[PDB]
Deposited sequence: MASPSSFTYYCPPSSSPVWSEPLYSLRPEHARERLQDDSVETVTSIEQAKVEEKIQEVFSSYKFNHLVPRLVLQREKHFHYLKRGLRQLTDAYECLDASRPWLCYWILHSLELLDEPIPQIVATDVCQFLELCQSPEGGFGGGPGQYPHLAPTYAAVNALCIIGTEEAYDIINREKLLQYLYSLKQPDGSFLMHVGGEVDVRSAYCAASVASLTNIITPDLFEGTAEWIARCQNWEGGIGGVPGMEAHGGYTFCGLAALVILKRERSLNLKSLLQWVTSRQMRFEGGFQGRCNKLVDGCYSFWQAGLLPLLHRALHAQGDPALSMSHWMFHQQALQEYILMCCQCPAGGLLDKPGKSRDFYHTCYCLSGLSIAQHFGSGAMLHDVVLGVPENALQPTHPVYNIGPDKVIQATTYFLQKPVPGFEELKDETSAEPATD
């Protein structure tokens, strides 16, 4: 058995509840059971591209009333889908692209930033989505939609005295915002000398006894927030402000020995979307630890089981009708599609200067297009985008 998930010895990774029961062990055991059968069944892995393509293709234009809950997150819907079209290496028509630019323009506020959909107030989350969806498109038409002045003016209205930002005006605070502001401030070349004043230090108070990062200082270490903070620090170049060793021991601990995938926080359930939010953290650390001169870094692999993640995504996360999901028994959705596919791409491609070694389980068609660990958009989409705005003013 060339599969880490399907050998006989691997069947030893099942949970050891030491004969004590809690709502946690029970649930952990229920996912493991369902994962067992999925594994079992199989005894080469293929990425149902076509099937996924149709799903993605349709979605991009229309959604059932099932998406009424994500009505205030439409730019997200764009990004998630466009990015999955990017990874699956599927060209975007100039009419599709333009209509996208047209849509994201009606979401853009007269004050800067973007809204969940046409006429909605500007919010950092959807703003991140648009600036990210605009760059995936890649044209001049795309880029030119961002009112680069207004953006910076908007980020400034959210900035707080402690270095933290608000999600939107009158909204809450958490590491997610600093990441949104950082990602859009960097791509569009609009970072003013005092923009992230005391930010790196705030994101830092968010790391806790666990080694990871919570939403706000004091909260439990979660994998979605941790990515948000470390990546923000990579942008601001303050990765050093965190105990990276504890962050590394933590994130690496988050991968499940049996399932193969990652959980969002210690002692919880495995999820396909964490294939990015968590595993994507490794490429980031690897970078910072390299910028420090660490001589012990592997030269071909990411500090996590790349084969196991892939095996979890390929055997347990694909939907027959298309799209990828959280875990078996969950209904497909575009967000888990975006991050399941983003995860996979990271699990297949290794970087570090000239050192490039790719792992690709299953067939060769399963290989996906790389993605920039800090923005989760094509590595080239980034170079191309920052370049364009660098050839622009700043103030």
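According to the record, C-alpha coordinates are lacking for deposited residues 1-20, 64-69, 422-437.
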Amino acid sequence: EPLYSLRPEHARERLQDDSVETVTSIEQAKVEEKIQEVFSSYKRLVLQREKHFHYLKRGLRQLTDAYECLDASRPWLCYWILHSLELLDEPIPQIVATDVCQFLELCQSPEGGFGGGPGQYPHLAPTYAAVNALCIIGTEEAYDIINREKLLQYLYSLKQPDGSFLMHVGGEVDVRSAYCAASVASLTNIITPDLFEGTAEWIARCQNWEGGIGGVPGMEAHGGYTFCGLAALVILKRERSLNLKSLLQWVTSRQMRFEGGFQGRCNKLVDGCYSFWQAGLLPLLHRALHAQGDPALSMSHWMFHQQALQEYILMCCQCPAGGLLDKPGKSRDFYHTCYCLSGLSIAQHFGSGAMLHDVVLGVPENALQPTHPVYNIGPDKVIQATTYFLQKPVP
From here on, numbers count along this sequence of modelled residues.
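Basically, rigid core = biggest C-alpha set you can superpose within 1.5 Å across the two forms.
Two stretches, 384-392 and 2-10, are weighed by how far their CA atoms sit from the shown form in 7 other deposited structures of this protein after rigid core superposition; the farther one is 2-10. Averaged over structures and residues, the CA distance from the shown form in 7 other deposited structures of this protein after a core fit is larger for 60-68, of the two stretches 60-68 and 329-337.
As the entry records it, the average C-alpha temperature factor is higher for 191-199, out of 191-199 and 234-242. Checked against the record, the higher mean CA B factor of 104-112 and 272-280 lies with 104-112. If you compare the C-alpha temperature factors of 226, 306, 84, 157 in the entry, 306 comes out highest. By the numbers in the PDB entry, the CA B factor is greatest at 46 among 66, 341, 46, 56. Looking at the C-alpha B-factors along this chain, the one for residue 366 belongs to the highest third. Among the modelled residues of its chain, residue 372 has a C-alpha B-factor that falls in the middle third according to the deposited record. Residue 126: CA B factor in the lowest third of modelled residues in this chain (values from the PDB entry). The PDB entry assigns residue 299 a C-alpha temperature factor belonging to the highest third of its chain's modelled residues. Among the modelled residues of the chain, residue 214 sits in the lowest third by CA temperature factor in this PDB entry.
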